[PDB]
Every structure is written in structure tokens, then in C-alpha cells.
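Each ligand, and each atom within it, is numbered from 1 in the order the structure gives. Only this structure's heavy atoms are used, side chains among them; waters, hydrogens and symmetry mates stay out. A note on names: the letters A, B, ... follow the listed sequences, proteins ahead of strands, and every chain is numbered from 1.
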There are 2 protein chains.
Amino acid sequence: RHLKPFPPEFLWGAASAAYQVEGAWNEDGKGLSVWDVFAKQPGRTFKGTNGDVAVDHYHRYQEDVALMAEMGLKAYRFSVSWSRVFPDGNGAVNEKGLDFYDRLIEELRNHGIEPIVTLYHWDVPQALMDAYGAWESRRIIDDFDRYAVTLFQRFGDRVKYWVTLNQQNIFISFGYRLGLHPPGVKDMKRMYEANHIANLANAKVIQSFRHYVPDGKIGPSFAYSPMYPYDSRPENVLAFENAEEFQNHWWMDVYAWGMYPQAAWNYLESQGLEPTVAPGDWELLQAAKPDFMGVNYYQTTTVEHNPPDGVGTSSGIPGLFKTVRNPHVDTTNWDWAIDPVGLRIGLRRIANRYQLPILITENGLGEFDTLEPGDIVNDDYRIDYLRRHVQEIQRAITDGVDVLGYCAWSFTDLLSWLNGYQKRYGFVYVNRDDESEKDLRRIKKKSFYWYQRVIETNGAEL
Amino acid sequence: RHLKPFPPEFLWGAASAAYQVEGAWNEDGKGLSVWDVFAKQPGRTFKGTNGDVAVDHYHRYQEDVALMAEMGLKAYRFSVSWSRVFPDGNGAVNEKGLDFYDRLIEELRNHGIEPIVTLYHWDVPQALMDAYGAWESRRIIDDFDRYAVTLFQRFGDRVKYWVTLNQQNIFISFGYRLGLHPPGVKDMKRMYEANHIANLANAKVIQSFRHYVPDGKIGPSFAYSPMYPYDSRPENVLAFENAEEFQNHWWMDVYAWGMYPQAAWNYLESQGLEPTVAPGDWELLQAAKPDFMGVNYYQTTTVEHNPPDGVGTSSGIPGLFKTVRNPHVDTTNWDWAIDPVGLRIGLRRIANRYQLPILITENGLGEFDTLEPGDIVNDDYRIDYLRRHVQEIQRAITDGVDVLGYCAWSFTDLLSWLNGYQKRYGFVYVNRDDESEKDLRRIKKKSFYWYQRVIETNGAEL
Ligand SMILES: O=P(O)(O)OC[C@H]1O[C@@H](O[C@H]2[C@H](O)[C@@H](O)[C@H](O)O[C@@H]2CO)[C@H](O)[C@@H](O)[C@@H]1O
Ligand SMILES: O=P(O)(O)OC[C@H]1O[C@@H](O)[C@H](O)[C@@H](O)[C@@H]1O
């Protein structure tokens with residue numbers, strides 16, 4: 001079987017998120033985000049780590065882009081911090097905030113790197129939470145649209161690729177069901193209402209994008225764990241049907257088709273959990289087709305039958321499914337599956353169901369890297385993980401999936417939302433830890449040079 | 001979770017096919033079908049059994065309909081023999097042939113039974129095979145359309161529910177890949193060409209139906225074996241992705257969306273097997289949406305990884321998948337799997353992928369039946385099989401699938417295409433065998449009274 005090459009304009013990328021890298025949390029007129037406030041609540045984050053400084057990319061962006069150019073990155077995906085642009089979410093635009101992203105975009109373009117702008121990575125301005133509960137109010141649809149249009153107007157001439165909501169399923173479920181992320185709520189009814197409003201906000205911004213960036217490409221990015229049945233027991237295959245629909249189609253069908261899947265809807269309706277639908281909602285959701293599906297991928301999930309008095313280790317929904325360890329894949333040191341074939345499966349499923357091109361917006365390995373004498377980081381484990389995923393992407397392309405690019409997570413080490421700094425993801429080590437910022441110096445890991453060679457050969461040497 | 005009831009207008013049905021029941025193979029001007037000719041080839045059918053007489057429904061239809069009314073059937077699904085209506089396939093209409101179906105439809109309507117007319121059950125007139133190779137020629141599109149339009153014009157005022165091609169995947173694959181059915185060809189290239197022509201014929205007649213029967217409901221019926229992965233090994237899940245797309249989406253995506261799935265298309269193209277596409281084909285296929293998906297269901301299929309030098313007992317496609325026995329399902333005395341949950345899974349998959357209502361056009365158990373003195377046939381095994389499938393349909397309805405009805409296969413015993421009469425499917429035993437027509441008398445089996453009670457309670461008592 002001859003494999004197809006990676007296409008000539010394949011976006012070999014790397015990625016970050018604003019709160020995780022920028023720092024400068026109160027500089028240049030930036031307003032408070034919900035994460036600025038949440039992470040300072042005692043006990044919320046490991047060792048009290050927060051984004052006040054992070055890795056200081058706000059001040060060190062020129063050095064970081066110089067490293068990207070040394071690597072030969074074709075694309076860099078970053079998020080814009082809404083609270084830098086509209087400190088209060090709505091109201092007056094902050095020109096100094098826009099100017100940072102203008103300088104970053106110019107730095108990228110001057111080095112031949114395609115910017116991929118992510119509108120939203122979980123950091124809605126605290127003022128919108130204070131005023132109306134942020135994602136629980138339809139008011140956010142127009143406020144988010146005004147913010148997005150501002151970015152489209154300022155940067156649409158120079159940015160072709162845009163991501164709207166990044167991992168909506170995570171920020172909504174962690175914020176409103178698990179209570180782990182802002183606003184720290186544990187209420188499924190509120191979760192599904194906020195989720196519906198986020199769906200409308202995504203659709204509204206895509207419609208606006210067609211007016212302001214007619215030659216651009218836009219899509220949401222979904223945190224996709226493809227589901228597997230444990231085996232060929234009919235009840236386990238049925239559990240897989242339930243899980244793939246409830247965990248995955250629930251989001252991606254809205255993004256692609258503007259419709260929630262019916263079995264999941266009817267289940268929520270039987271629990272009194274389905275969202276409130278207003279006139280015009282379906283019309284808007286259906287009339288906002290994206291150019292691609294963004295995919296954040298780390299692992300698959302295997303499921304089995306879960307009786308109605310069952311699991312609510314394993315997690316699941318009684319009567320629908322429960323998770324079970326997959327005996328046929330390796331695991332990371334944090335019990336995450338390592339399943340590169342699962343990435344090919346997920347790509348195939350998206351092409352098969354929606355016929356959409358895919359931008360892989362995030363994939364990477366987190367591990368406790370050691371800085372050895374001479375400023376050397378031997379992260380062969382990260383090379384092995386990335387190599388295997390890139391190989392499976394090439395097989396998915398050969399199968400016929402249109403993959404637009406691959407953004408490794410992450411370019412530099414960064415702050416995790418709740419777990420501090422020690423589990424590192426970067427190609428570039430940042431010298432700091434949970435106790436202090438040290439000197440924040442950037443140190444290329446072995447994986448940096450491996451990926452440099454991948455890009456130079458367009459994937460022929462992995 | 002309590003099960004939902006069956007909807008009040010649920011079509012409790014039973015079904016047959018013209019060649020399998022009618023007889024009267026050369027009466028009232030009927031022309032030869034491809035099956036009249038094929039079954040008379042020596043050695044082709046068990047003990048030389050053929051459709052010359054079958055169970056003589058052509059002459060005994062009044063008694064058979066009287067039995068349906070005694071059972072309280074809500075619907076009877078039958079096929080129309082094209083060669084009775086157009087003995088030469090095209091050319092002159094045969095009024096005596098139409099008159100049989102008119103008399104049958106009047107008998108059904110006089111007893112309050114909904115006719116479900118199936119346009120095609122494998123019996124294209126031999127004259128069209130001789131003239132141009134039947135399904136291998138685009139000429140059949142207009143000839144099939146003129147036949148269908150004739151039926152719509154004569155019967156559309158009295159028939160709401162119509163099935164177009166019944167089990168296209170079977171008549172095409174058995175006729176052109178396995179050589180088991182007419183025309184006895186074993187050539188994948190020819191199979192995919194004939195299949196594409198059948199797709200166009202289906203779409204053309206649905207378009208005609210929208211004009212002639214504006215209040216009717218129409219759809220194709222697909223012989224659906226839902227695929228399962230053997231286990232959660234990523235390569236086996238990938239084999240399942242390949243198999244479901246190649247075996248199932250290849251047909252149902254064309255019916256629902258007018259498009260072949262891309263990974264399967266690209267594989268066939270790499271083998272030189274993809275069909276020839278003419279201008280206008282995609283437009284026609286996309287503009288012929290059905291009201292429902294018909295489903296003929298007997299069993300699921302489990303698959304596993306198949307290396308490129310592998311199977312092509314097990315069957316499959318090297319590099320894509322191969323079948324494997326599922327250790328987690330029962331079997332009939334003929335080694336067909338018994339998997340009622342698989343029916344729920346298939347119904348869920350069709351709703352989840354296509355949002356279509358489903359008419360279950362065929363499901364039943366074939367087994368030897370013993371005629372006991374006093375005209376008693378105790379077929380508790382058939383009751384058990386049907387009960388378990390109906391129970392799973394009720395669960396699919398509860399999940400949110402719109403199931404329009406359920407046609408048990410079959411109403412009376414009938415002639416098998418290749419295997420004679422001994423493996424019986426009816427609610428009504430027919431006293432004949434492979435060697436003799438005996439007296440052709442109809443004898444109600446125990447399952448007849450069971451289904452009568454199902455219908456009386458609208459499925460509440462199973
Ligand atoms: O008497 P048999 O051979 O058991 O035939 C029963 C009915 O078979 C249905 O089609 C089956 C077919 O027999 C299988 O070979 C194939 O794999 O499955 C299809 C699935 O529907 C026919 O629909 C019916 O006309 C026969 O009575
Ligand atoms: O450090 P952790 O907890 O493994 O988190 C890693 C990543 O988890 C992903 O879900 C998020 O998209 C990233 O923002 C985050 O960096």
C-alpha cells in the first residue's frame with residue numbers, strides 16, 4: 001500500500017493557550033478573567049500556581065517566535081485573551097490589548113509562520129460573569145460576537161485560519177457539571193443550558209466570519225475521545241452507541257449539522273435536563289457550517305454495559321454506559337491511554353460522518369522532564385509518542401481524510417489549569433517550577449530537533 | 001426508565017415476495033422472469049424446486065387474506081412481479097397482471113389491512129436481461145421507472161406505503177459477486193457498475209413517486225447486518241470502521257444522502273472497481289430523499305483486523321477487515337446468529353446517522369416445523385425469536401427511534417430461492433414439501449395466535 005505524502009501546504013504546527021503562557025495578568029489595561037479569579041481561590045490549584053506570570057510569553061514573545069522560526073514551524077496556534085481586548089467583556093475596546101496580538105501576528109508573519117487564532121480558551125472576562133453569569137446568559141452571544149468581529153476586522157487580512165470555541169465540552173462540563181473549572185458549578189441542568197448558549201455563540205460568530213473574512217477558514221475545536229466497545233457482546237456495542245452519541249455527537253453534530261442527536265436529547269428530556277430552545281435557534285445553528293472540524297486528541301475511551309443502578313476508576317451514566325480499562329493499549333504514567341491508531345479512527349469517523357476537513361489543534365505528551373547538565377532534555381518518550389501519532393495521521397490521509405494540519409501541544413512548557421508546571425508538554429523547556437519562576441529561560445528539548453526534521457522533510461523522516 | 005408503548009398506528013405486519021409465494025408462473029400473460037429461468041437450471045435449487053406453483057398464492061389469495069384478517073394484521077407487505085405487468089419488461093402493459101394486484105389490494109382494503117407494495121424483489125423480466133443485460137445497462141433506469149409509474153398510477157390512491165428496491169445489496173452482490181443468484185456473475189467490477197445503475201433507478205422512481213403519490217411514503221429496503229468489532233484492540237475497531245462503511249454505509253449513505261462514503265470509494269478506485277459516473281448522477285441521487293429506511297434484519301456480523309495478505313468461514317477484504325464468529329450471540333439450528341439486541345443497535349445507528357424513520361420490512365425465524373395430528377403446529381421457537389426482536393424494537397422506540405412498523409417474515413410458508421420448502425418461516429403452515437404440492441392447505445401455527453394477541457394489545461402482551 002503506497003502511503004500518500006503530507007500535502008504541500010500541510011500546517012505543521014504547535015499550540016498554546018493564553019492563560020497558560022502569557023502572564024501579564026494585570027498589565028496594559030487587561031481586565032480580570034474568570035481564571036484570574038478562580039485560580040486564586042485557596043485550594044483550587046496545585047501549590048497555588050496561577051497565571052499571573054505563567055511563562056511570561058507576553059514579554060518574551062519575540063524570543064519564543066524566534067525559536068519557532070528556528071524549528072521551521074509552518075503554523076502557530078494561540079488563543080486571544082478576551083479580557084485584554086475588552087477588559088469588561090463588552091464596553092470599550094482596549095487598543096493596547098489588540099496591539100499585543102498585532103505585534104505577535106506581525107512577528108509570526110515576518111518569520112513565515114501562519115497564525116491560527118483561537119477566539120476562546122476558557123477565559124471569559126470576570127465582568128460578564130459578575131453581570132449576568134457569562135455562558136448562562138444569551139447576552140453572551142452578542143458580546144462574544146462583538147469581540148470576535150473586532151478580531152476579524154483587525155486581523156482578518158493576515159489570519160486565514162481561525163478556531164472559535166476550543167474544547168467547549170471541557171469548559172462547559174468542567175465548569176458546570178464537575179465544578180473543577182469556573183464557575184465551579186455542579187448542576188447538569190445549568191450545564192446543558194450554558195452548553196446551548198455556547199452553541200449559539202459559536203454559530204453566530206461563524207455567520208459573522210462569512211461577512212468579514214470571506215476568504216478565511218473557521219471552525220470549532222472539539223476535545224475528542226473516540227469511544228470503543230469493550231467487545232462484541234451486543235450490550236457492550238450498545239453501550240458504545242450510547243457513549244459515542246452522548247459524549248461526542250452531542251457536540252460535533254451541532255457543529256456540523258446544527259442538530260442534537262435524538263436518543264441523547266430524549267434521555268436528557270426524560271431527566272428534565274434538555275436546554276431551553278428559543279425561536280430562531282435551530283435556524284441559526286443549521287446555517288453556520290464550518291470549514292473544518294478542529295480536533296484536540298489525547299486518547300480513546302473503552303466502554304461497556306452499565307445497568308440502571310450502576311456506575312455514575314470507572315465513570316459513566318447508569319443505563320447508558322460506563323468506562324473500562326482497555327487491555328489492548330499502553331498507558332501513560334497518569335493512566336491516559338496511548339492510542340495513536342485511535343487518532344486515525346477518530347479522523348476516519350469525522351470524515352465518514354460529516355465529510356469535513358480536520359485540523360488537529362492539539363496532541364502531545366505530558367511528562368516530568370529532567371534538565372540534565374549542559375541544558376539538555378532527553379525526551380525520547382515525547383518523540384516516540386508524537387512520531388506514532390504523525391504516522392497514523394499519514395495513514396488517515398492515505399485513507400482519504402482531508403487533514404489540514406497538526407498542532408503539537410505545546411510549543412513551550414506552560415502552566416496547567418489545576419496541576420502546576422511539573423508535567424511538561426513543550427518542545428521548549430521553560431526553567432521554572434511550582435515554587436518560583438526561576439529565570440524563565442527557554443531550553444530546546446531533543447523533541448524540538450526531531451520535529452524540526454519532520455517539518456523539513458514534510459513528514460518523510462519520523 | 002419505563003418502556004414506552006408502541007405508537008397507536010404502529011404497522012404490525014407480515015411479508016412475502018412474489019416469486020416465493022405466487023406460482024402461476026405462465027398464467028394470464030405473465031412473461032418469464034430471470035428467476036423462472038435461473039431456477040430451472042439443473043442443480044441450481046434444492047431438489048429442483050422452483051416457483052412454477054410455490055404455495056399457489058396467485059389462486060389462493062382470498063383465503064390468505066382471510067387468514068390475515070383473522071390474525072388482525074395491520075399491514076401486509078408483498079412484492080409486485082414486474083413480469084406480470086410488463087411481460088417483456090417494457091412495451092405493452094398486461095392488464096390481467098395488474099388486475100391480480102388490484103384484486104389483492106381490494107381484498108386487503110376490504111378487510112382493513114394496509115397494503116405495503118414492494119416494487120422489486122429480484123425478478124426483472126428475462127426479456128430485459130436478453131435485450132441489454134438488465135441491471136448492467138442504464139436502459140433499465142427508464143424501464144424500471146415506467147413500470148413503477150404504472151403501479152403508482154393504478155394503486156397510489158389505495159396504497160400509502162411503498163418499498164422500491166428490496167435488498168439491493170443482496171440481489172447485486174449475490175448476482176454479480178458471489179454468482180449465487182441471477183445472472184450468475186462473479187466480477188466485482190460488474191457488481192459495482194450494476195449497483196450504481198440500481199442506485200439511479202431507485203432515485204428516479206422516488207422522484208416519480210413525489211408527483212404521482214404526493215401523500216404517500218416511500219423508501220428502499222436494505223438488508224442490514226450491523227457490524228461489531230471483535231474487541232477493543234484499535235486495529236479491530238478500525239476494521240469495524242472499514243466494514244460498517246464498506247458493507248452498510250456504501251448503500252445507506254446513497255439512499256439517505258446521495259453520496260458514497262469516501263474511504264470506501266477511494267479503496268475501490270485504487271482497485272479499478274469504482275463505478276462509472278455520468279453527468280447528472282450525483283444531482284439525481286441527492287434529490288431523491290426517502291420517507292423511511294426499510295430494514296431487513298436477521299443478524300449482526302463481527303469483524304477483526306485482516307492484514308494485506310489475509311482473508312479475501314471467514315470472509316473479508318485484505319487490509320480492511322475479515323469476519324469472525326461472535327462468541328457472544330446464540331445461533332439458530334442453521335448457524336445463523338440470533339442477536340435481537342443487534343436489531344436495536346441497527347435501528348439506533350440509522351436514526352443517529354440519518355434521522356430517518358424505519359420500517360422493519362423483514363425479520364423472522366426459519367426452522368423445520370412438524371405438523372402434528374389435528375392440524376397443530378407448535379412453533380414456540382418462532383414465538384421466542386419474534387418476541388425477543390419485538391422487545392428490542394420497543395426499547396429502540398423508547399430510546400427515540402421512529403419505527404413505523406414491523407413485518408414478520410413471513411405470513412405463510414414460502415419457497416426459498418435456492419433451498420426448497422423445509423426451512424419454514426410462516427405464521428401459517430402450507431402443507432406441501434420439496435417433492436409434492438400435497439393439498440397446499442393452510443394451517444395456523446401457534447405463532448399465528450401469539451401474534452394475533454400482540455396486535456390486539458398493540459405490543460403490550462408479548
Ligand atoms: O430459506 P432461506 O435461504 O433461509 O431464505 C430466507 C430469506 O432470506 C432472505 O434474504 C437473506 C438470505 O437468505 C441470506 O443468504 C442473506 O445473507 O441474508 C438475506 C438478508 O435479508 C430473503 O429476503 C427472503 O426472500 C428469504 O425467504
Ligand atoms: O497538565 P494536564 O492536566 O495534563 O493538562 C494538559 C492539557 O489538557 C488539555 O485538555 C487542555 O487543552 C490543555 O489546555 C492542557 O494543557
Please identify each residue that fulfils salt bridge (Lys or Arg N to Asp or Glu O under 4.0 Å) with [X], with sequence neighbours left out.
X: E367(A); value: none
X: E244(B); value: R349(B)
X: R432(A); value: none

Query raised in the report: Can you find a side-chain donor-acceptor pair between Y120(A) and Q168(A) that sits under 3.5 Å?
Result: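 No.
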Query raised in the report: Side chains of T412(B) and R442(B): is there a donor and an acceptor less than 3.5 Å apart?
Result: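 Looking only at side-chain atoms, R442(B) and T412(B) do not form any donor-acceptor pair under 3.5 Å.
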Query - Centroid-centroid under 6.0 Å between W122(B) and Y19(B) rings - result: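 No, the ring of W122(B) stays outside the 6.0 Å limit from the ring of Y19(B), centre to centre.
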Atoms in ligand 2 with a heavy atom of [X] nearer than 4.0 Å:
X: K423(A); answer: 4 (O)
X: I170(A); answer: 10 (O)
X: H121(A); answer: 14 (O)
X: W336(A); answer: 4 (O)
X: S416(A); answer: 1 (O)

So which heavy atom in the protein is nearest [atom], and how far is it from that ligand atom?
atom: atom 12 (O) of ligand 2; value: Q167(A) NE2, 2.4 Å
atom: atom 2 (P) of ligand 2; value: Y425(A) OH, 3.7 Å
atom: atom 3 (O) of ligand 2; value: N419(A) OD1, 3.5 Å

Tell me whether [X] contacts the main-chain N or O of [Y] through its side chain, where contact means a donor paired with an acceptor under 3.5 Å.
X: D379(B); Y: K445(B); value: no
X: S173(B); Y: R177(B); value: no
X: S225(A); Y: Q299(A); value: yes

Looking only at heavy atoms, is any part of [X] under 4.0 Å from ligand 2, and if so is it the side chain, the backbone, or both, or is it neither?
X: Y19(A); value: neither
X: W334(A); value: neither
X: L418(A); value: neither

Query raised in the report: For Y298(A), is at least one N or O under 3.5 Å away from an N or O on ligand 2?
Result: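 No: no nitrogen or oxygen of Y298(A) is under 3.5 Å from one in ligand 2.
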For ligand 1, list every N/O pair with the protein closer than 3.5 Å, one pair per line with the distance.
from, atom 1, to, atom 2, distance (Å)
ligand 1, 1 (O), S416(B), OG, 3.1
ligand 1, 3 (O), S416(B), OG, 3.4
ligand 1, 3 (O), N419(B), ND2, 3.0
ligand 1, 4 (O), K423(B), NZ, 3.2
ligand 1, 4 (O), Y425(B), OH, 2.6
ligand 1, 21 (O), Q167(B), OE1, 2.5
ligand 1, 23 (O), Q167(B), NE2, 2.7
ligand 1, 23 (O), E362(B), OE1, 3.1
ligand 1, 23 (O), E362(B), OE2, 2.7
ligand 1, 25 (O), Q20(B), OE1, 2.7
ligand 1, 25 (O), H121(B), NE2, 3.4
ligand 1, 25 (O), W417(B), NE1, 2.9
ligand 1, 27 (O), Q20(B), NE2, 3.1
ligand 1, 27 (O), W409(B), NE1, 2.9

Report task. Measure the acute angle between the ring planes of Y425(A) and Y298(A), then classify it against the limits of 30° and 60° as parallel, tilted or perpendicular. Result ->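 Judged by the thresholds at 30° and 60°, the geometry between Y425(A) and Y298(A) is perpendicular.
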Query raised in the report: When rounded to the nearest 0.5 angstrom, what is the spacing between CG in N50(B) and CH2 in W417(B)?
Result: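 The distance works out to 12.5 Å.
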Query raised in the report: Among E362(A), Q20(A), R424(A), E367(A), which one has a heavy atom closest to atom 8 (O) of ligand 2?
Result: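 Ranked by closest heavy atom to atom 8 (O) of ligand 2, first place is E362(A).
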Query raised in the report: What residue among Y76(A), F448(A), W409(A), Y451(A) forms ring-ring contact (aromatic ring centres under 6.0 Å, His included) with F427(A)?
Result: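 Testing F427(A) for a ring-ring contact (aromatic ring centres under 6.0 Å, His included) against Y76(A), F448(A), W409(A), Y451(A) leaves exactly one candidate, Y451(A).
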Query - Pairing of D433(A) and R424(A) as salt bridge, 4.0 angstrom limit - result: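 So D433(A) does not pair with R424(A) through a salt bridge.
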Report task. Compute the minimum heavy-atom distance from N296(A) to ligand 2 and say whether it is under 4.0 Å. Result ->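 No.
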